[PDB]
Structures are given as structure tokens and as C-alpha cells.
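Q: Sharing a structure, written as C-alpha cells. Questions coming.
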Amino acid sequence: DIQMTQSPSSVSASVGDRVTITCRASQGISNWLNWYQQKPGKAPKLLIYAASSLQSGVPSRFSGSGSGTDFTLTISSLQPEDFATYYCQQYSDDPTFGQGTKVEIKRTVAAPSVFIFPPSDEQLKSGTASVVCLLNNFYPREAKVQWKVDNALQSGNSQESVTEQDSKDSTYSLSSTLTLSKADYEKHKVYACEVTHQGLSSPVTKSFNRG
Amino acid sequence: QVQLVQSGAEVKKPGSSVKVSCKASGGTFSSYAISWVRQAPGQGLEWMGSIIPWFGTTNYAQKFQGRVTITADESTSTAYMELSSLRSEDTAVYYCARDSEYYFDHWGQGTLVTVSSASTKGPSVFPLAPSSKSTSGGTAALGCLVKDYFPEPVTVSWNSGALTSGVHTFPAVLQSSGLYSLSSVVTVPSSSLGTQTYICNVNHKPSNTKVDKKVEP
């Protein structure tokens, strides 16, 4: 019945910054408003209950205020470990949650550390060859990977994913996998991962010669 | 310490029923209610209902009334959530939580239930060996490639959870075939590759895949 609306949808801020997230109720809910913190892939964790009560063991930089319809969660000194999605929740009626506010950390530029992994002998025996390129601990998240096989730009045979922001150093990592048949793999010599990122003045190539 | 331990991820065909369990630590059932909350992957949180293990009394959210049954077994301190007539949109991570009636203060680890008619497939696990092509200023990167599985999730630990620093376990990618793949990597000292053992512990509970792969230079 009672609908909860959170603002903003996301915030990006520097370490030490004050962050303010708001939660609005469709009707008066007194002080029965809870705040949860959720890391990607993990269970929500209670931070604040009854609008303004700090949960046991939660850092004092977290505070809540409000009564009635308008509520705020405040992080007074944003820390790298505060990267998360934050949810409000009313418990005046049957529990309903806000849609969340993603909080991300701004930090200095960091170039990726680039690594390459040829296919394992185990996989090659099965008839497939996956070549993995790893971009470690970079910032900002925007990074471009291009696969080149014997200097020929590849298309349609790779997939990639980026991590969530790191809770300690606020960086991202990226993994790209190039997949071809064992037969195709053995028709070519040089397998190259070419990386473009703000921290690099020119594209960085990481490569190996088959064998 | 308070802990709520849930049952493993499951695939279920449309129209079937799923029953997720939630094992609570001592003292919980005698002092707290247990709520169930679900979260569609990439979406928000939705309360399903609660049980008071004391009296066995339940409260269900309007939208799940008639489809959800929440039970509690006080002898084992285990709560259960059964959801019948499963449809594609019931694919979600299901959480149990300790419920004071005013907040949810401790939550189980979550259970991903995927509603699909497609076939379950366990992954192959291949090493990503450390070499001269995966070193950087005295550090070496290594990992495991977890290829061709359905549905989600795969979990990866290193050395039974004793190795966590420098670990990146990447979000799964969806292949054109409908199968998933993921990578898990770790950076370690290059100096000790000869003396340390690195093992990725890969779990895919929907397919009973439990693989411990030693990754050697």
C-alpha cells in the first residue's frame, strides 16, 4: 500500500565527502523507517532503524533523520567501503522498500595492469580455445579491449564483464574472453589483447605467440 | 553470534513449487519472527511474509496470498518458504531475515531460484596459469575459467576461503547458447609460486558441481 521513493538514483562522491540520500513515503509513517546497505551479490545489512537509531556496530558517520513522510540518510565522511546500494524501508504497514540509491566513489586515475592467459591444455583437449585478457585495478571504469589475432581485429568471438567497484581501493577490474575452436586457434600465431584507458597515453598491447 | 543459513540455489520448471529453508542460530526462534524478502536480479526488494515461530502465526503480503506458505520447525530452528505455481517472474534471490516486527536486523545469505524449462548444465573448470605473461612488478596473476553452465549462480572461493586479498570474481557473461561463463582471478607474490598452492573452489549447486582446481605455473 505505502510506496517509498528514494532520491537520487545514484551518487558519485570523493572519499571524505558528505553524502545525503532521501526517502519519501506516500503517507505518514511516523518514525518506522529503516535503512539498509547492500553490496553486490550480498545480503542487505541494517544500518539505521526507527528513522534515527544507529544499529550496533555500524560506524557513527552513518546517521538518519526524519518523521512523517520525508527521511534522510547521511554519510558524513564517505569511505571506500561505503560503496553499496542503500535502501529505505517502511514498517508502518506491510513492509515496503524504496528502489535504492547506488553510491559510488570518485578517485584518482589508475591505469590497468594488463595480463593474458593462453588456453589451458585441458580445454584444448576438449576442442575449444579460450584466451583470457585481464585488466586489473583501474579507474575510471571506461576501458576498451580489442582482440587481434595475427594483427587482424576480431569481432563476434569475445565476451567481457567488469567488476563492481572495489571496497578498498575503489578501482574496477575487467575480464575479456576470446573463444575459438581448437582448429581455428592452431591456424594462427599471435594472440593480442589491446587496451585503451584514460590512464594510458597510447593503447597497450599484451600478446603471446602460440607455443 | 546470529546466523541464518539458507539452502542452495535451484532451477525449477514453470508451474512447479520451490521450498527454501532457513536454519537459524540458537535463541532466534524464541525471541524473533522470521520474514522472507525477495529481490529479482537487477531489481529491488519485495516482502513476501512473516512467521512467528512461537505461535506459528503467519502474515503474507497481498500479492503472494494463496501462493506462499511459510512454516517453522522449532525442533531444528528452521524456517521454510514454499512458493507454488512458479512463473518466469519468480526468478529471484530469496532472503530470510530475523524480524523484530520493527526491522530486519540479520539476513540469510540468499537463495537464487531460477524458473526455466531449459536444461541444467554444470561448468567445466580450467586453470588460468601464472606465467611471464601474467606478471607485473613482482606480482603474478592466476585464476580459474568457469565455462558453460546454466543457470546462475557459480560461486568461487580460493584456498577454502583463506585467500581473499587480491581476488576478483567477475560477473557472469551470457553466451549466445544461453549458457553462462565466469572468471575468477587472484594476484599473488611471484616469489612464492614454487611453495604456495592455489586452488579455486567452484560451486554450481543447481548441477551438483563442486570442483577444486589446483592452478599451477
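Each chain in the C-alpha cells gets a letter, A, B, ..., in the order shown, and its residues are numbered from 1; ligands are numbered from 1 in order too.
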I need the chain B residues near chain A as a VMD selection string; criterion: at most 7 Å, counting only C-alpha atoms.

A: chain B and resid 44 to 47 61 102 to 110 126 to 128 133 to 134 170 to 171 173

Q: Would you put the residues from that selection into a file with C-alpha atoms, as a CSV table (one decimal), in the first residue's frame?

A:
```csv
chain,number,residue,atom,x,y,z
B,44,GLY,CA,14.5,-4.1,-5.9
B,45,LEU,CA,13.3,-5.7,-2.7
B,46,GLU,CA,9.9,-7.2,-2.0
B,47,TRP,CA,8.5,-8.5,1.3
B,61,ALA,CA,1.9,-9.8,1.5
B,102,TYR,CA,10.1,-3.1,13.5
B,103,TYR,CA,13.1,-4.0,11.3
B,104,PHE,CA,15.1,-6.9,9.7
B,105,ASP,CA,18.4,-6.9,11.6
B,106,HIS,CA,20.1,-10.1,10.3
B,107,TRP,CA,19.6,-11.7,6.9
B,108,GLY,CA,20.5,-15.1,5.4
B,109,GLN,CA,23.0,-15.3,2.5
B,110,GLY,CA,20.1,-15.6,-0.1
B,126,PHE,CA,40.0,-24.6,-16.5
B,127,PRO,CA,43.1,-23.1,-14.9
B,128,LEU,CA,44.4,-19.7,-15.8
B,133,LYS,CA,52.5,-13.0,-19.5
B,134,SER,CA,50.7,-12.5,-16.2
B,170,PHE,CA,33.8,-11.5,-12.3
B,171,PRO,CA,30.1,-11.2,-13.1
B,173,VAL,CA,28.6,-13.4,-19.1
```

Q: From a backbone DSSP assignment, name each residue in chain B labelled strand (DSSP E or B), as a short mmCIF file (atom, residue, chain, number, x, y, z; two decimals) with N, CA and C atoms, in the first residue's frame.

A:
```cif
data_model
loop_
_atom_site.label_atom_id
_atom_site.label_comp_id
_atom_site.auth_asym_id
_atom_site.auth_seq_id
_atom_site.Cartn_x
_atom_site.Cartn_y
_atom_site.Cartn_z
N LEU B 4 21.88 -16.96 9.91
CA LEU B 4 20.78 -17.60 9.19
C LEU B 4 21.37 -18.21 7.93
N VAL B 5 21.28 -19.54 7.83
CA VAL B 5 21.89 -20.27 6.71
C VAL B 5 20.80 -20.87 5.83
N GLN B 6 20.79 -20.44 4.57
CA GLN B 6 19.76 -20.86 3.62
C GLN B 6 20.22 -22.03 2.76
N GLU B 10 18.55 -23.22 -6.83
CA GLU B 10 17.77 -24.24 -7.54
C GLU B 10 17.23 -23.75 -8.88
N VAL B 11 17.14 -24.68 -9.83
CA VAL B 11 16.39 -24.47 -11.06
C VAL B 11 15.05 -25.16 -10.88
N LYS B 12 13.98 -24.50 -11.32
CA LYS B 12 12.64 -25.07 -11.25
C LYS B 12 11.88 -24.79 -12.54
N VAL B 18 8.77 -24.49 -5.24
CA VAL B 18 10.09 -24.48 -4.60
C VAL B 18 9.94 -24.26 -3.10
N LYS B 19 10.79 -24.93 -2.32
CA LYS B 19 10.81 -24.75 -0.87
C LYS B 19 12.23 -24.42 -0.43
N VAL B 20 12.41 -23.19 0.04
CA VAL B 20 13.70 -22.70 0.52
C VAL B 20 13.72 -22.81 2.04
N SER B 21 14.82 -23.30 2.59
CA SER B 21 14.97 -23.42 4.04
C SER B 21 15.88 -22.34 4.60
N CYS B 22 15.72 -22.06 5.90
CA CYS B 22 16.48 -21.04 6.59
C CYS B 22 16.78 -21.52 8.01
N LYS B 23 18.01 -22.00 8.22
CA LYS B 23 18.45 -22.50 9.52
C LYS B 23 18.94 -21.35 10.39
N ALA B 24 18.24 -21.11 11.50
CA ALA B 24 18.59 -20.04 12.42
C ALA B 24 19.45 -20.53 13.57
N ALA B 33 10.54 -13.01 15.04
CA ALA B 33 9.83 -13.54 13.89
C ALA B 33 10.85 -13.78 12.77
N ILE B 34 10.42 -14.50 11.73
CA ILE B 34 11.23 -14.70 10.53
C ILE B 34 10.44 -14.20 9.33
N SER B 35 11.04 -13.28 8.58
CA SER B 35 10.43 -12.77 7.35
C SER B 35 11.15 -13.32 6.13
N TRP B 36 10.43 -13.38 5.02
CA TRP B 36 11.03 -13.68 3.73
C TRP B 36 10.89 -12.48 2.80
N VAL B 37 12.00 -12.14 2.14
CA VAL B 37 12.07 -10.99 1.25
C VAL B 37 12.75 -11.45 -0.04
N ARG B 38 12.21 -11.06 -1.19
CA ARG B 38 12.82 -11.45 -2.44
C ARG B 38 13.33 -10.26 -3.25
N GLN B 39 14.29 -10.53 -4.13
CA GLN B 39 14.91 -9.50 -4.94
C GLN B 39 15.19 -10.07 -6.31
N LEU B 45 13.65 -4.75 -3.74
CA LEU B 45 13.31 -5.69 -2.67
C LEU B 45 11.80 -5.74 -2.41
N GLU B 46 11.30 -6.95 -2.17
CA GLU B 46 9.87 -7.20 -2.00
C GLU B 46 9.58 -8.17 -0.85
N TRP B 47 8.90 -7.67 0.17
CA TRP B 47 8.49 -8.50 1.31
C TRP B 47 7.42 -9.51 0.89
N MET B 48 7.60 -10.76 1.30
CA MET B 48 6.64 -11.83 0.98
C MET B 48 5.74 -12.16 2.17
N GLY B 49 6.34 -12.28 3.35
CA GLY B 49 5.57 -12.61 4.54
C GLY B 49 6.45 -12.94 5.72
N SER B 50 5.80 -13.20 6.85
CA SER B 50 6.50 -13.50 8.10
C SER B 50 5.83 -14.64 8.86
N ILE B 51 6.61 -15.29 9.71
CA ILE B 51 6.09 -16.26 10.67
C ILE B 51 6.64 -15.94 12.06
N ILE B 52 5.80 -16.11 13.08
CA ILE B 52 6.23 -16.05 14.47
C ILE B 52 6.33 -17.50 14.96
N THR B 57 1.93 -18.32 13.94
CA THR B 57 1.10 -17.36 13.21
C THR B 57 1.86 -16.73 12.05
N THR B 58 1.18 -16.57 10.92
CA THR B 58 1.79 -16.01 9.72
C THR B 58 1.07 -14.77 9.21
N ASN B 59 1.82 -13.95 8.48
CA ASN B 59 1.29 -12.79 7.78
C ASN B 59 1.89 -12.78 6.38
N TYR B 60 1.04 -12.72 5.36
CA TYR B 60 1.50 -12.71 3.97
C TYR B 60 1.20 -11.40 3.28
N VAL B 68 2.06 -18.47 -1.42
CA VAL B 68 3.17 -18.65 -0.49
C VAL B 68 2.70 -19.30 0.82
N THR B 69 3.51 -20.24 1.31
CA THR B 69 3.30 -20.85 2.62
C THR B 69 4.62 -20.77 3.38
N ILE B 70 4.58 -20.12 4.54
CA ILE B 70 5.76 -20.03 5.41
C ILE B 70 5.53 -20.87 6.66
N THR B 71 6.44 -21.81 6.90
CA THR B 71 6.36 -22.70 8.05
C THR B 71 7.63 -22.60 8.90
N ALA B 72 7.54 -23.05 10.15
CA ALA B 72 8.69 -23.08 11.05
C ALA B 72 8.75 -24.37 11.86
N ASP B 73 9.93 -24.98 11.89
CA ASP B 73 10.17 -26.19 12.67
C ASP B 73 11.08 -25.86 13.85
N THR B 78 14.48 -24.17 12.03
CA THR B 78 14.46 -23.96 10.59
C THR B 78 13.12 -23.40 10.13
N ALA B 79 13.18 -22.32 9.35
CA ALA B 79 12.00 -21.76 8.72
C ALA B 79 12.01 -22.14 7.24
N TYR B 80 10.81 -22.21 6.66
CA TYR B 80 10.66 -22.61 5.27
C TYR B 80 9.75 -21.64 4.52
N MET B 81 10.08 -21.41 3.26
CA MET B 81 9.23 -20.65 2.36
C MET B 81 8.93 -21.52 1.15
N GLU B 82 7.64 -21.81 0.95
CA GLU B 82 7.21 -22.55 -0.24
C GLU B 82 6.41 -21.65 -1.17
N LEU B 83 6.87 -21.56 -2.42
CA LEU B 83 6.19 -20.78 -3.45
C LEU B 83 5.75 -21.71 -4.58
N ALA B 92 14.38 -15.00 -8.73
CA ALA B 92 14.84 -14.00 -7.78
C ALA B 92 15.75 -14.63 -6.74
N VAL B 93 16.49 -13.78 -6.04
CA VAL B 93 17.19 -14.19 -4.84
C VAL B 93 16.21 -14.06 -3.67
N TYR B 94 16.02 -15.16 -2.95
CA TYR B 94 15.12 -15.19 -1.81
C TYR B 94 15.92 -15.12 -0.53
N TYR B 95 15.54 -14.20 0.34
CA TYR B 95 16.21 -13.99 1.62
C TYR B 95 15.27 -14.29 2.77
N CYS B 96 15.79 -14.95 3.80
CA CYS B 96 15.13 -14.94 5.10
C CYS B 96 15.81 -13.88 5.97
N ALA B 97 15.06 -13.32 6.91
CA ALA B 97 15.61 -12.32 7.81
C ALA B 97 15.00 -12.43 9.20
N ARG B 98 15.83 -12.18 10.21
CA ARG B 98 15.35 -12.06 11.58
C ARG B 98 14.54 -10.77 11.68
N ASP B 99 13.33 -10.88 12.22
CA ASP B 99 12.33 -9.81 12.16
C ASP B 99 11.81 -9.46 13.55
N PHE B 104 14.43 -5.60 10.00
CA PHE B 104 15.11 -6.86 9.70
C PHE B 104 16.60 -6.67 10.00
N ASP B 105 17.07 -7.26 11.10
CA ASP B 105 18.42 -6.94 11.62
C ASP B 105 19.54 -7.91 11.24
N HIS B 106 19.16 -9.12 10.84
CA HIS B 106 20.11 -10.11 10.32
C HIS B 106 19.42 -10.82 9.17
N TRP B 107 20.18 -11.09 8.10
CA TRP B 107 19.63 -11.69 6.88
C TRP B 107 20.46 -12.91 6.50
N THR B 111 19.10 -17.13 -1.59
CA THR B 111 18.97 -18.32 -2.42
C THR B 111 18.42 -17.93 -3.79
N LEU B 112 19.22 -18.11 -4.83
CA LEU B 112 18.78 -17.80 -6.19
C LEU B 112 17.95 -18.95 -6.75
N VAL B 113 16.68 -18.67 -7.02
CA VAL B 113 15.80 -19.64 -7.65
C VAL B 113 15.53 -19.17 -9.07
N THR B 114 15.93 -20.00 -10.04
CA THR B 114 15.72 -19.68 -11.45
C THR B 114 14.58 -20.54 -11.98
N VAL B 115 13.55 -19.88 -12.51
CA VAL B 115 12.42 -20.59 -13.11
C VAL B 115 12.62 -20.67 -14.62
N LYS B 121 23.11 -27.37 -16.75
CA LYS B 121 24.44 -27.81 -17.16
C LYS B 121 25.51 -27.33 -16.18
N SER B 124 32.61 -26.56 -16.89
CA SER B 124 33.98 -27.05 -16.90
C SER B 124 34.83 -25.99 -16.21
N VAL B 125 35.85 -26.43 -15.49
CA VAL B 125 36.73 -25.51 -14.78
C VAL B 125 38.16 -25.66 -15.30
N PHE B 126 38.67 -24.59 -15.90
CA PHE B 126 40.01 -24.59 -16.47
C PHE B 126 40.92 -23.62 -15.74
N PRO B 127 42.20 -23.99 -15.56
CA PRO B 127 43.15 -23.10 -14.90
C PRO B 127 43.55 -21.92 -15.79
N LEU B 128 43.82 -20.79 -15.15
CA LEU B 128 44.45 -19.65 -15.80
C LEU B 128 45.81 -19.55 -15.12
N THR B 135 52.58 -11.45 -15.13
CA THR B 135 53.34 -10.83 -14.06
C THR B 135 53.36 -9.31 -14.20
N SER B 136 53.53 -8.62 -13.08
CA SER B 136 53.64 -7.16 -13.05
C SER B 136 54.37 -6.72 -11.79
N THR B 139 54.52 -9.20 -8.92
CA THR B 139 53.26 -9.88 -8.65
C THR B 139 52.88 -10.76 -9.84
N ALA B 140 52.15 -11.83 -9.56
CA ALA B 140 51.65 -12.72 -10.60
C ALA B 140 50.15 -12.89 -10.48
N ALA B 141 49.46 -12.82 -11.61
CA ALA B 141 48.03 -13.09 -11.68
C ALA B 141 47.77 -14.53 -12.13
N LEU B 142 46.79 -15.16 -11.50
CA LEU B 142 46.36 -16.51 -11.85
C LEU B 142 44.86 -16.60 -11.64
N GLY B 143 44.25 -17.68 -12.09
CA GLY B 143 42.82 -17.80 -11.92
C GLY B 143 42.20 -19.08 -12.41
N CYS B 144 40.87 -19.06 -12.46
CA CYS B 144 40.09 -20.16 -13.00
C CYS B 144 39.02 -19.64 -13.93
N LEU B 145 38.86 -20.33 -15.05
CA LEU B 145 37.80 -20.05 -16.01
C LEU B 145 36.71 -21.10 -15.83
N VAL B 146 35.52 -20.63 -15.48
CA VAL B 146 34.37 -21.48 -15.21
C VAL B 146 33.42 -21.34 -16.39
N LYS B 147 33.45 -22.32 -17.28
CA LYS B 147 32.85 -22.19 -18.60
C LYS B 147 31.63 -23.07 -18.80
N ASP B 148 30.61 -22.50 -19.45
CA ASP B 148 29.45 -23.22 -19.98
C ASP B 148 28.55 -23.86 -18.91
N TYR B 149 27.85 -23.02 -18.14
CA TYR B 149 26.92 -23.51 -17.13
C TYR B 149 25.55 -22.83 -17.18
N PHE B 150 24.55 -23.51 -16.64
CA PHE B 150 23.20 -22.97 -16.53
C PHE B 150 22.44 -23.66 -15.41
N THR B 155 29.58 -19.89 -7.49
CA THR B 155 30.40 -19.21 -6.50
C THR B 155 31.83 -19.74 -6.58
N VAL B 156 32.79 -18.86 -6.31
CA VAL B 156 34.20 -19.24 -6.29
C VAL B 156 34.85 -18.75 -5.01
N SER B 157 35.55 -19.65 -4.33
CA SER B 157 36.47 -19.26 -3.26
C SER B 157 37.87 -19.71 -3.65
N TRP B 158 38.88 -19.17 -2.97
CA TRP B 158 40.26 -19.58 -3.16
C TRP B 158 40.82 -20.14 -1.86
N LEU B 163 42.19 -17.43 1.10
CA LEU B 163 42.74 -16.43 0.19
C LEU B 163 41.63 -15.53 -0.34
N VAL B 167 41.57 -11.00 -4.83
CA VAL B 167 40.64 -11.83 -5.60
C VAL B 167 39.61 -10.97 -6.32
N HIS B 168 39.45 -11.20 -7.62
CA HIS B 168 38.32 -10.65 -8.36
C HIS B 168 37.55 -11.80 -9.01
N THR B 169 36.31 -12.00 -8.56
CA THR B 169 35.42 -12.95 -9.21
C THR B 169 34.40 -12.16 -10.02
N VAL B 173 29.02 -13.86 -17.78
CA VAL B 173 28.60 -13.43 -19.11
C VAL B 173 27.63 -14.46 -19.67
N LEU B 174 26.66 -13.99 -20.44
CA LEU B 174 25.69 -14.88 -21.07
C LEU B 174 26.10 -15.13 -22.52
N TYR B 180 26.14 -19.69 -19.31
CA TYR B 180 26.96 -18.67 -18.67
C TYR B 180 28.42 -19.07 -18.60
N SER B 181 29.29 -18.07 -18.49
CA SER B 181 30.70 -18.26 -18.19
C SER B 181 31.18 -17.19 -17.23
N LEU B 182 32.09 -17.55 -16.33
CA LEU B 182 32.74 -16.54 -15.49
C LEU B 182 34.21 -16.85 -15.23
N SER B 183 34.94 -15.81 -14.84
CA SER B 183 36.34 -15.90 -14.46
C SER B 183 36.48 -15.50 -13.00
N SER B 184 37.43 -16.12 -12.31
CA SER B 184 37.87 -15.68 -11.00
C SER B 184 39.38 -15.63 -11.04
N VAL B 185 39.94 -14.50 -10.63
CA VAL B 185 41.39 -14.30 -10.66
C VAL B 185 41.89 -13.83 -9.31
N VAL B 186 43.19 -14.01 -9.09
CA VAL B 186 43.84 -13.52 -7.88
C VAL B 186 45.28 -13.14 -8.23
N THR B 187 45.76 -12.08 -7.58
CA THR B 187 47.15 -11.66 -7.71
C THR B 187 47.91 -12.03 -6.45
N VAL B 188 49.07 -12.66 -6.64
CA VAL B 188 49.88 -13.17 -5.53
C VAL B 188 51.36 -12.79 -5.73
N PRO B 189 52.21 -13.02 -4.71
CA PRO B 189 53.65 -12.77 -4.94
C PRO B 189 54.20 -13.73 -5.99
N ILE B 199 44.19 -23.07 -5.09
CA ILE B 199 43.07 -23.91 -5.51
C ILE B 199 41.79 -23.08 -5.55
N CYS B 200 41.15 -23.03 -6.71
CA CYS B 200 39.84 -22.38 -6.79
C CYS B 200 38.76 -23.41 -6.46
N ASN B 201 37.90 -23.07 -5.51
CA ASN B 201 36.80 -23.95 -5.12
C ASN B 201 35.54 -23.43 -5.79
N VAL B 202 35.09 -24.17 -6.80
CA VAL B 202 33.98 -23.75 -7.65
C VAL B 202 32.72 -24.54 -7.32
N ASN B 203 31.65 -23.82 -6.99
CA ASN B 203 30.37 -24.43 -6.69
C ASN B 203 29.27 -23.98 -7.64
N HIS B 204 28.60 -24.96 -8.24
CA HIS B 204 27.39 -24.72 -9.02
C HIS B 204 26.32 -25.66 -8.49
N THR B 209 27.72 -29.50 -9.12
CA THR B 209 29.12 -29.30 -9.44
C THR B 209 29.83 -28.71 -8.22
N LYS B 210 30.85 -29.43 -7.76
CA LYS B 210 31.75 -28.98 -6.71
C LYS B 210 33.15 -29.38 -7.16
N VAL B 211 33.92 -28.39 -7.60
CA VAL B 211 35.23 -28.64 -8.20
C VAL B 211 36.31 -27.84 -7.48
N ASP B 212 37.38 -28.53 -7.06
CA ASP B 212 38.56 -27.87 -6.51
C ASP B 212 39.71 -28.01 -7.50
N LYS B 213 40.01 -26.93 -8.21
CA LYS B 213 41.04 -26.95 -9.25
C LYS B 213 42.34 -26.30 -8.79
N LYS B 214 43.40 -27.10 -8.71
CA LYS B 214 44.73 -26.57 -8.41
C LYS B 214 45.28 -25.85 -9.64
#
```

Q: What's the separation between atom CA of residue A:198 and atom CA of residue A:138, in Å to one decimal place?

A: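 Result for atom CA of residue A:198 versus atom CA of residue A:138: 9.3 Å, one decimal.
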
Q: Between atom CA of residue B:30 and atom CA of residue B:74, what is the spacing in Å?

A: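 Taking atom CA of residue B:74 and atom CA of residue B:30, their separation equals 8.7 Å.
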
Q: Could you tell me which of A:68, A:101, A:52, A:170 comes closest to residue A:29 if we count only C-alpha atoms?

A: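 That would be A:68, the residue with the smallest distance to residue A:29.
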
Q: For atom CA of residue A:21 and atom CA of residue A:38, determine how far apart the two atoms are, in Å to one decimal place.

A: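 For atom CA of residue A:21 relative to atom CA of residue A:38, the distance reads 14.6 Å.
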
Q: Just list the residues in stretch 49-129 of chain B DSSP gives helix (DSSP H, G or I) on the backbone, as a count of residues only.

A: 6
